[PDB]
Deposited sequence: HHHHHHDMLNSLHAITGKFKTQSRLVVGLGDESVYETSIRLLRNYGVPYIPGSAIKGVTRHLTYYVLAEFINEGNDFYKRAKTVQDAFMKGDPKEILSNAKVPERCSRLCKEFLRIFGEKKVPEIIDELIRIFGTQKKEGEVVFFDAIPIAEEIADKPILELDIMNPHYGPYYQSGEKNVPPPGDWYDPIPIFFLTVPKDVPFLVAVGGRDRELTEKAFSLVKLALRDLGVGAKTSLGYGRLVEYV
């Protein structure tokens, strides 16, 4: 059949090293990774969706007006937990835009604010609505891997917290810490090729989604330690 979905794809290489946590691998996941991809894990589409979500809450925080971190938390909670349409009703395009904001507005052309909220509702979904775009897993392109990638194995623990916080902070913040669960992480070298894709019935909606994903992989990153610059991917040939 094929899904009858429009699949927008591109080829991406790791611009900086990519740090990926190994979960509980199914036999399938282990099969592909060991036998096809020289041990290189994939990037879950849910992670691609998350970072792309995050990008849009960050930009849209510039569209309402207190402290920035509070606004971002508002936009994020609205899209993910509540009704974004209702809460961001009075959003207006800002006087001064960030670069990410500029890039965002280039994707969504001459569409007005309450309209773009709708396209984003459709792309990602909400608590009441199904998302109309599939965020596929980003997968190593085995044949285009020149030499056998040298992989590093390290152990780290997770610490969870709100991304947006008052004042400067360090992490984990005082009184808080990592959880007592050791996790394997593989570090993937630069210039490892991944296939990246999104799908949906609406071709133009799906294309916009792809553009956001591009934007998010170049400037925000996936995997762990992204704040140190790890996990950036850029399109090639």
Write out the missing regions of the deposited sequence in sequence order, one range per stretch. 1-7, 73-74
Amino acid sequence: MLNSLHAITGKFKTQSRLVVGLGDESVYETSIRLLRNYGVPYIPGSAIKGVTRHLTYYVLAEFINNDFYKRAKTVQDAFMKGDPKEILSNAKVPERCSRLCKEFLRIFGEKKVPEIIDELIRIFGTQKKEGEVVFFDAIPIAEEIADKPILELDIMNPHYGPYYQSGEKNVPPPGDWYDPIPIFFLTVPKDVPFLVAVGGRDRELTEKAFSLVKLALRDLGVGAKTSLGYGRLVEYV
From here on, numbers count along this sequence of modelled residues.
Mean CA temperature factor from the deposited coordinates, higher in 53-61 or in 201-209? 201-209
Can you tell me which stretch has the higher mean Cα B-factor, 131-139 or 91-99? 91-99
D179 - Cα temperature factor, lowest/middle/highest third of chain: lowest
Based on the deposited C-alpha B factors for this chain, I'd like to know if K111 is in the lowest, middle or highest third. highest
Looking at the temperature factor on the CA atom of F68, which third of the chain's modelled residues does it land in? highest
Is the Cα B-factor recorded for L233 in the lowest, middle or highest third of its chain? middle
Binned into thirds over the chain's modelled residues, the C-alpha B-factor of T187 lands in the middle
